[PDB]
Amino acid sequence: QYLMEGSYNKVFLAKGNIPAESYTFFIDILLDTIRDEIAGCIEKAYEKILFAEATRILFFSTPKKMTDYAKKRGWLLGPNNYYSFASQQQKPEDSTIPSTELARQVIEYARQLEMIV
Amino acid sequence: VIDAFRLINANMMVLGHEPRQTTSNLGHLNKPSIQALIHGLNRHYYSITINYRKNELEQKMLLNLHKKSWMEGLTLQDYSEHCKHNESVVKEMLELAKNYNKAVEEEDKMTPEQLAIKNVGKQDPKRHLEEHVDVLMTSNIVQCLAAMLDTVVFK
């Protein structure tokens with residue numbers, strides 16, 4: 001219900017570790033999947049943001065867990081955020097002209113078109 | 001229209017008659033309309049046919065064009081000229097578009113010529129719009145093909 005609604009806060013999967021029959025294991029692998037999905041996206045989202053802000057809505061427990069987890073993903077390789085590489089690429093969609101490369105072979109489309117007539 | 005003939009002898013006509021020239025050959029006898037031409041033919045000569053000699057080599061000479069035509073097609077048609085054509089095509093299309101719109105309300109019957117009288121004028125308004133779309137298409141085809149093609153090859 002929560003996951004479909006998009007209230008990640010409400011999930012009851014980052015607290016479904018404590019009550020378990022032997023469920024705790026399954027809950028943990030599923031949790032890791034949830035954390036990743038958000039983690040890649042956030043990079044694109046914004047530039048160099050606080051460590052504390054980057055633990056909060058990254059579903060992390062401590063800045064130590066964030067450092068190791070962020071590093072594999074490609075942000076916070078050091079002790080300083082590196083969100084900035086990823087973020088800048090996304091925002092301008094209407095700027096890019098390698099020209100000939102981008103045109104993508106005008107010749108082919110033309111040739112398809114001409115043949116019928 | 002050109003003809004070849006052969007003279008016929010006076011003694012030949014009386015005894016032989018003119019169909020004797022016709023034997024052991026093609027035997028086509030020409031009529032070059034009526035009037036003086038035909039009348040004079042009959043009183044004077046026998047006309048016989050023309051064939052053309054040809055050879056493969058002879059053809060090959062004729063067919064030959066230009067070195068320059070090689071680049072001609074390639075040539076990147078100016079945007080300016082293209083734009084003139086593009087403007088010309090959209091304006092005719094708009095005028096016809098209306099006609100097209102009224103036309104489709106009817107036309108439940110086959111026979112496209114009847115639809116042409118109804119929609120008014122020779123040929124259907126659907127066909128008029130296509131004719132214009134096609135002319136633009138031809139200009140466009142040389143330009144776009146040429147545009148990429150030129151840049152890559154000289155580069």
# chains A, B, ... in the order shown; residues from 1 in each chain; ligands from 1
>>> interface_residues(of="chain B", to="chain A", cutoff="12 Å", atoms="only C-alpha atoms", output="ChimeraX atom specification")
/B:74,130-131,133-153,155
>>> select_by_dssp(residues="chain A", states="alpha helix (DSSP H)", output="PyMOL selection string")
chain A and resi 2-5+24-45+53-56+63-73+84-90+100-103+106-114
>>> residues_around(residues="segment 11-19 of chain A", least_positions_apart="2", cutoff="9 Å", atoms="only C-alpha atoms", output="PDB file with N, CA, C and O atoms, in the first residue's frame")
ATOM      1  N   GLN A   1       0.797  -1.217   0.000  1.00  0.00           N
ATOM      2  CA  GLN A   1       0.000   0.000   0.000  1.00  0.00           C
ATOM      3  C   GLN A   1       0.817   1.248   0.000  1.00  0.00           C
ATOM      4  O   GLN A   1       0.579   2.098  -0.863  1.00  0.00           O
ATOM      5  N   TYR A   2       1.821   1.269   0.912  1.00  0.00           N
ATOM      6  CA  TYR A   2       2.743   2.374   1.091  1.00  0.00           C
ATOM      7  C   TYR A   2       3.612   2.625  -0.120  1.00  0.00           C
ATOM      8  O   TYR A   2       3.954   3.710  -0.573  1.00  0.00           O
ATOM      9  N   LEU A   3       4.161   1.514  -0.691  1.00  0.00           N
ATOM     10  CA  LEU A   3       5.131   1.520  -1.718  1.00  0.00           C
ATOM     11  C   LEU A   3       4.536   1.998  -2.997  1.00  0.00           C
ATOM     12  O   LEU A   3       5.099   2.849  -3.658  1.00  0.00           O
ATOM     13  N   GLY A   6       3.821   5.893  -2.608  1.00  0.00           N
ATOM     14  CA  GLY A   6       5.003   6.668  -2.737  1.00  0.00           C
ATOM     15  C   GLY A   6       5.231   7.400  -1.511  1.00  0.00           C
ATOM     16  O   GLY A   6       5.883   8.388  -1.546  1.00  0.00           O
ATOM     17  N   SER A   7       4.778   6.911  -0.328  1.00  0.00           N
ATOM     18  CA  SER A   7       5.138   7.392   0.970  1.00  0.00           C
ATOM     19  C   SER A   7       5.988   6.318   1.519  1.00  0.00           C
ATOM     20  O   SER A   7       5.610   5.293   2.155  1.00  0.00           O
ATOM     21  N   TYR A   8       7.294   6.519   1.305  1.00  0.00           N
ATOM     22  CA  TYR A   8       8.406   5.823   1.699  1.00  0.00           C
ATOM     23  C   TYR A   8       8.660   5.865   3.161  1.00  0.00           C
ATOM     24  O   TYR A   8       9.054   4.883   3.758  1.00  0.00           O
ATOM     25  N   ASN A   9       8.309   6.954   3.766  1.00  0.00           N
ATOM     26  CA  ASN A   9       8.319   7.105   5.179  1.00  0.00           C
ATOM     27  C   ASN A   9       7.441   6.104   5.850  1.00  0.00           C
ATOM     28  O   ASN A   9       7.823   5.556   6.926  1.00  0.00           O
ATOM     29  N   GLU A  21       9.310 -14.112  12.552  1.00  0.00           N
ATOM     30  CA  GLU A  21       9.223 -15.472  12.938  1.00  0.00           C
ATOM     31  C   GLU A  21      10.594 -16.015  12.730  1.00  0.00           C
ATOM     32  O   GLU A  21      11.084 -16.711  13.620  1.00  0.00           O
ATOM     33  N   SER A  22      11.191 -15.610  11.576  1.00  0.00           N
ATOM     34  CA  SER A  22      12.486 -15.952  11.103  1.00  0.00           C
ATOM     35  C   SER A  22      12.484 -15.056   9.853  1.00  0.00           C
ATOM     36  O   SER A  22      13.193 -15.322   8.882  1.00  0.00           O
ATOM     37  N   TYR A  23      11.586 -14.037   9.768  1.00  0.00           N
ATOM     38  CA  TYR A  23      11.345 -13.129   8.648  1.00  0.00           C
ATOM     39  C   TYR A  23      12.524 -12.231   8.540  1.00  0.00           C
ATOM     40  O   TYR A  23      12.618 -11.746   7.391  1.00  0.00           O
ATOM     41  N   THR A  24      13.332 -11.921   9.625  1.00  0.00           N
ATOM     42  CA  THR A  24      14.234 -10.821   9.611  1.00  0.00           C
ATOM     43  C   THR A  24      15.169 -10.732   8.446  1.00  0.00           C
ATOM     44  O   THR A  24      15.411  -9.631   7.910  1.00  0.00           O
ATOM     45  N   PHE A  25      15.660 -11.926   7.919  1.00  0.00           N
ATOM     46  CA  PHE A  25      16.457 -12.099   6.824  1.00  0.00           C
ATOM     47  C   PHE A  25      15.958 -11.556   5.463  1.00  0.00           C
ATOM     48  O   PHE A  25      16.751 -11.012   4.679  1.00  0.00           O
ATOM     49  N   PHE A  26      14.630 -11.847   5.238  1.00  0.00           N
ATOM     50  CA  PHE A  26      13.959 -11.491   3.969  1.00  0.00           C
ATOM     51  C   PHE A  26      13.747 -10.031   3.851  1.00  0.00           C
ATOM     52  O   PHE A  26      13.930  -9.445   2.783  1.00  0.00           O
ATOM     53  N   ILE A  27      13.409  -9.422   5.041  1.00  0.00           N
ATOM     54  CA  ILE A  27      13.065  -8.022   5.298  1.00  0.00           C
ATOM     55  C   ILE A  27      14.285  -7.182   4.948  1.00  0.00           C
ATOM     56  O   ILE A  27      14.202  -6.151   4.248  1.00  0.00           O
ATOM     57  N   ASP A  28      15.538  -7.664   5.384  1.00  0.00           N
ATOM     58  CA  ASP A  28      16.817  -7.071   5.163  1.00  0.00           C
ATOM     59  C   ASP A  28      17.204  -7.023   3.781  1.00  0.00           C
ATOM     60  O   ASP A  28      17.533  -5.978   3.268  1.00  0.00           O
ATOM     61  N   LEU A  30      15.141  -7.194   1.170  1.00  0.00           N
ATOM     62  CA  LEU A  30      14.198  -6.295   0.543  1.00  0.00           C
ATOM     63  C   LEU A  30      14.447  -4.836   0.818  1.00  0.00           C
ATOM     64  O   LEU A  30      14.311  -3.948  -0.043  1.00  0.00           O
ATOM     65  N   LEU A  31      14.935  -4.488   2.050  1.00  0.00           N
ATOM     66  CA  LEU A  31      15.270  -3.180   2.545  1.00  0.00           C
ATOM     67  C   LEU A  31      16.392  -2.557   1.797  1.00  0.00           C
ATOM     68  O   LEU A  31      16.381  -1.372   1.449  1.00  0.00           O
ATOM     69  N   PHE A  59      17.698   6.738   3.638  1.00  0.00           N
ATOM     70  CA  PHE A  59      17.471   5.683   4.592  1.00  0.00           C
ATOM     71  C   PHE A  59      18.649   5.088   5.213  1.00  0.00           C
ATOM     72  O   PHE A  59      18.944   3.916   5.007  1.00  0.00           O
TER      73      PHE A  59
END
>>> select_by_dssp(residues="chain B", states="strand (DSSP E or B)", output="list in words")
residues 4, 5, 6, 7, 45, 46, 47 and 48 of chain B
>>> atom_distance(atom1="atom CA of residue 81 of chain B", atom2="atom CA of residue 102 of chain A")
25.1 Å
>>> atom_distance(atom1="atom CA of residue 84 of chain B", atom2="atom CA of residue 126 of chain B")
23.1 Å
>>> residues_around(residues="residue 26 of chain B", least_positions_apart="4", cutoff="9 Å", atoms="only C-alpha atoms", output="JSON, numbers by chain")
{"B": [22, 48, 49]}
>>> write_last_selection(atoms="N, CA and C atoms", output="PDB file, in the first residue's frame")
ATOM      1  N   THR B  22       7.779  -5.696-104.966  1.00  0.00           N
ATOM      2  CA  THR B  22       7.436  -6.144-103.579  1.00  0.00           C
ATOM      3  C   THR B  22       7.962  -7.524-103.171  1.00  0.00           C
ATOM      4  N   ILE B  48       9.642   1.887-100.668  1.00  0.00           N
ATOM      5  CA  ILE B  48      10.016   0.789 -99.836  1.00  0.00           C
ATOM      6  C   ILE B  48      10.488   1.407 -98.572  1.00  0.00           C
ATOM      7  N   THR B  49      10.440   0.556 -97.499  1.00  0.00           N
ATOM      8  CA  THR B  49      10.608   0.824 -96.111  1.00  0.00           C
ATOM      9  C   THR B  49      12.044   1.245 -95.653  1.00  0.00           C
TER      10      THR B  49
END
>>> atom_distance(atom1="atom CA of residue 55 of chain A", atom2="atom CA of residue 92 of chain A")
27.6 Å
>>> decode(residues="segment 48-71 of chain B", atoms="N, CA, C and O atoms", output="mmCIF file, in the first residue's frame")
data_model
loop_
_atom_site.group_PDB
_atom_site.id
_atom_site.type_symbol
_atom_site.label_atom_id
_atom_site.label_comp_id
_atom_site.auth_asym_id
_atom_site.auth_seq_id
_atom_site.Cartn_x
_atom_site.Cartn_y
_atom_site.Cartn_z
ATOM 1 N N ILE B 48 9.642 1.887 -100.668
ATOM 2 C CA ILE B 48 10.016 0.789 -99.836
ATOM 3 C C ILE B 48 10.488 1.407 -98.572
ATOM 4 O O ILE B 48 10.825 2.574 -98.510
ATOM 5 N N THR B 49 10.440 0.556 -97.499
ATOM 6 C CA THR B 49 10.608 0.824 -96.111
ATOM 7 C C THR B 49 12.044 1.245 -95.653
ATOM 8 O O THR B 49 13.014 1.220 -96.352
ATOM 9 N N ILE B 50 12.178 1.613 -94.376
ATOM 10 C CA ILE B 50 13.433 1.992 -93.643
ATOM 11 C C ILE B 50 13.476 1.167 -92.376
ATOM 12 O O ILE B 50 12.488 1.027 -91.651
ATOM 13 N N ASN B 51 14.740 0.662 -92.160
ATOM 14 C CA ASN B 51 15.147 -0.061 -91.008
ATOM 15 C C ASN B 51 16.346 0.784 -90.576
ATOM 16 O O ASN B 51 16.975 1.432 -91.449
ATOM 17 N N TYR B 52 16.747 0.719 -89.313
ATOM 18 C CA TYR B 52 17.940 1.281 -88.735
ATOM 19 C C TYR B 52 18.813 0.139 -88.355
ATOM 20 O O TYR B 52 18.430 -0.771 -87.574
ATOM 21 N N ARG B 53 20.096 0.359 -88.808
ATOM 22 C CA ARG B 53 21.293 -0.365 -88.385
ATOM 23 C C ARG B 53 21.708 0.336 -87.118
ATOM 24 O O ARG B 53 21.531 1.516 -86.970
ATOM 25 N N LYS B 54 22.238 -0.526 -86.230
ATOM 26 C CA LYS B 54 22.680 -0.230 -84.909
ATOM 27 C C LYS B 54 23.722 -1.259 -84.626
ATOM 28 O O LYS B 54 23.816 -2.242 -85.360
ATOM 29 N N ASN B 55 24.484 -0.936 -83.555
ATOM 30 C CA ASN B 55 25.606 -1.661 -83.088
ATOM 31 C C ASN B 55 25.668 -1.289 -81.590
ATOM 32 O O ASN B 55 25.041 -0.285 -81.175
ATOM 33 N N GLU B 56 26.235 -2.157 -80.751
ATOM 34 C CA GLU B 56 26.273 -1.861 -79.322
ATOM 35 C C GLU B 56 27.085 -0.699 -78.923
ATOM 36 O O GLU B 56 26.738 0.084 -78.016
ATOM 37 N N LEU B 57 28.205 -0.518 -79.662
ATOM 38 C CA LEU B 57 29.192 0.492 -79.492
ATOM 39 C C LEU B 57 28.554 1.741 -79.753
ATOM 40 O O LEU B 57 28.804 2.741 -79.043
ATOM 41 N N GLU B 58 27.690 1.881 -80.777
ATOM 42 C CA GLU B 58 27.016 3.054 -81.333
ATOM 43 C C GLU B 58 26.054 3.620 -80.301
ATOM 44 O O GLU B 58 26.042 4.806 -79.979
ATOM 45 N N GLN B 59 25.434 2.724 -79.595
ATOM 46 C CA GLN B 59 24.538 3.086 -78.467
ATOM 47 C C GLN B 59 25.118 3.723 -77.298
ATOM 48 O O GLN B 59 24.517 4.640 -76.745
ATOM 49 N N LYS B 60 26.333 3.174 -76.947
ATOM 50 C CA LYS B 60 27.089 3.494 -75.832
ATOM 51 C C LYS B 60 27.561 4.893 -75.876
ATOM 52 O O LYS B 60 27.557 5.640 -74.887
ATOM 53 N N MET B 61 27.913 5.452 -77.096
ATOM 54 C CA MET B 61 28.314 6.751 -77.350
ATOM 55 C C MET B 61 27.202 7.742 -77.031
ATOM 56 O O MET B 61 27.471 8.755 -76.446
ATOM 57 N N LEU B 62 25.976 7.394 -77.443
ATOM 58 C CA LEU B 62 24.796 8.213 -77.341
ATOM 59 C C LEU B 62 24.303 8.518 -75.932
ATOM 60 O O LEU B 62 23.983 9.637 -75.562
ATOM 61 N N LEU B 63 24.344 7.369 -75.148
ATOM 62 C CA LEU B 63 23.908 7.269 -73.709
ATOM 63 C C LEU B 63 24.791 8.207 -72.788
ATOM 64 O O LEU B 63 24.208 8.834 -71.900
ATOM 65 N N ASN B 64 26.081 8.389 -73.133
ATOM 66 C CA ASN B 64 27.029 9.145 -72.338
ATOM 67 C C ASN B 64 26.631 10.561 -72.107
ATOM 68 O O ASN B 64 26.116 11.187 -73.033
ATOM 69 N N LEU B 65 26.805 10.912 -70.842
ATOM 70 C CA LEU B 65 26.405 12.183 -70.298
ATOM 71 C C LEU B 65 27.564 13.120 -70.090
ATOM 72 O O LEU B 65 28.147 13.645 -71.042
ATOM 73 N N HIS B 66 27.967 13.279 -68.792
ATOM 74 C CA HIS B 66 28.913 14.291 -68.323
ATOM 75 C C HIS B 66 29.663 13.757 -67.079
ATOM 76 O O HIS B 66 29.024 13.030 -66.319
ATOM 77 N N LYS B 67 30.903 14.202 -66.884
ATOM 78 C CA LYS B 67 31.604 13.978 -65.620
ATOM 79 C C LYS B 67 30.869 14.785 -64.513
ATOM 80 O O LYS B 67 30.811 14.321 -63.392
ATOM 81 N N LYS B 68 30.399 16.051 -64.850
ATOM 82 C CA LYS B 68 29.879 16.981 -63.950
ATOM 83 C C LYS B 68 28.652 16.544 -63.286
ATOM 84 O O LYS B 68 28.395 17.071 -62.190
ATOM 85 N N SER B 69 27.785 15.639 -63.840
ATOM 86 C CA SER B 69 26.542 15.169 -63.354
ATOM 87 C C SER B 69 26.737 14.338 -62.199
ATOM 88 O O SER B 69 25.815 14.071 -61.332
ATOM 89 N N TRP B 70 27.936 13.845 -62.019
ATOM 90 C CA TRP B 70 28.379 13.000 -60.902
ATOM 91 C C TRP B 70 28.275 13.750 -59.572
ATOM 92 O O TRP B 70 27.958 13.172 -58.493
ATOM 93 N N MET B 71 28.730 15.021 -59.579
ATOM 94 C CA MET B 71 28.617 15.841 -58.415
ATOM 95 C C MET B 71 27.264 16.511 -58.350
ATOM 96 O O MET B 71 26.818 16.763 -57.250
#
